[PDB]
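For reference, the chain that follows is the form deposited in one PDB entry, supplied as structure tokens.
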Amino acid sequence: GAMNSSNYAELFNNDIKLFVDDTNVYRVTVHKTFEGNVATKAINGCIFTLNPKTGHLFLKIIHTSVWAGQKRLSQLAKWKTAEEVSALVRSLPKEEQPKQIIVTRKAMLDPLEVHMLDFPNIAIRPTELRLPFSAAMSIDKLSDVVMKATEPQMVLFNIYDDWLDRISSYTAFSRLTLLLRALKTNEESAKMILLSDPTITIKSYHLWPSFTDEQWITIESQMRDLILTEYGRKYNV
């Protein structure tokens, strides 16, 4: 059934699972034509496929060439997402294949179920969680590899850097979703909080800055304050 606030802890057990978010697969800029009509121009996208226990991210870059001469692209985007996830599962050794795949958007369920018919024992699940994985393209190094792609490409990352040396998967996922929620609500403010002490750098092999345990607590505080501010800056509450 649906992944929710009640069965959250299941994300960090020893059954292999992946989250799949399709919100950055089909990306456009909307513009005026010479005649004053409106048109879209596609830009490179990505599937965000994440093991929440290990932090392993399978970032499948979706090059604009995929869309050439195709109709109903927002519908096609779901099927192409399901095709690439099913190709990723088939590419993994049997002992690495997920037992469950959780889709962040209910519209992915039928496309993924139909592409995964060869895998009847892999459970395809929706979630009642409102996860901020749309903000993945606010992580500079992920945005950079997507925009620079000249052809279809899979890039592998650990979205937790080295955090699992010091904290549990539960806590790392909580840190990740807080960072992404802040980046989603006020990107400029979030980026400023992360990159305001020049002495704290991002290692070449990392996505996020090299914060000490104490600095992560301060950062996490600043992110929460930003999310509440913006919720009052917003809602007139």
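Throughout, we count residues from 1 along the sequence that is shown. Each form is matched to the other, and the largest set of C-alpha atoms that superpose within 1.5 Å is called the rigid core.
In what follows, reference is made to the form deposited in another entry, a form of this protein that is not presented.
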Q) Does superposing the core leave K32 with a CA shift of 2 Å or more between this form and the one not shown? A) yes
Taking the shown form as reference, the Cα pair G36 and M147 shifts by 3 Å or more in that other deposited form and sits closer
Cα of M147 vs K32, shift of 3 Å or more in that other deposited form, relative to this form: the pair sits closer
